[PDB]
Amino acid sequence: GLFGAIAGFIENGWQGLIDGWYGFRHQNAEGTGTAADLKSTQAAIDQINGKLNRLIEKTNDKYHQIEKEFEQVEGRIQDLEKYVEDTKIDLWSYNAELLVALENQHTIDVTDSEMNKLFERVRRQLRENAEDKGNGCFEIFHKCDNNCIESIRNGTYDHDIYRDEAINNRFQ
């Protein structure tokens, strides 16, 4: 993708994460955990389902048209009829081919984008209390219990509470 997160600085996905498209995996003094991020997950699902709805249902309600099969050739008039249909099919085949290719290219970019938005959101939360390890992981430079981790995931983390402890660990 364009943002280089999925199949990028995140080396792979998590088969364990089964209740979301994106989430957090942590480790602290008391253990480890994986939890889904709903906002990012929902942001991607909504965008993809939007594509699905624009697609499924447009109006091709056709009744009386033209003959498309022939026993024997008749010449001029039959040639035109066949040529007309053959031209139609190639143009619609082309449209279907390009559409899927475009939609798919975009969908992959959107999902890569949503991964990166999540990473960036969390990066901004942590301020000077954490350092980017380079693999979609932050080293947190202060003791951070389960309530602390949950405060990061639910967006209530207050960096000022830990900043003194964090600055001192980072730089000395």
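Throughout, we count residues from 1 along the sequence that is shown. Take the two forms, find the largest set of C-alpha atoms that superpose within 1.5 Å, and that set is the rigid core.
- Greater average departure of CA atoms from the shown form, over structures and residues in 8 other deposited structures of this protein after a core fit, characterises 51 to 59 among 114 to 122 and 51 to 59.
- For the segment pair 62 to 70 and 138 to 146, the entry gives 62 to 70 the higher mean B-factor, averaged over Cα atoms.
- Note on 117 to 125 vs 46 to 54: mean CA B-factor is higher in 46 to 54.
- Compared with the other modelled residues of the chain, the Cα B-factor recorded for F24 ranks in the lowest third.
- When the CA B factors of the chain's modelled residues are split into thirds, the value for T87 lands in the middle one.
- Annotation for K39: CA B-factor lies in the middle third of the chain's modelled residues.
- In the PDB entry, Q15 places in the highest third of its chain by CA B-factor.
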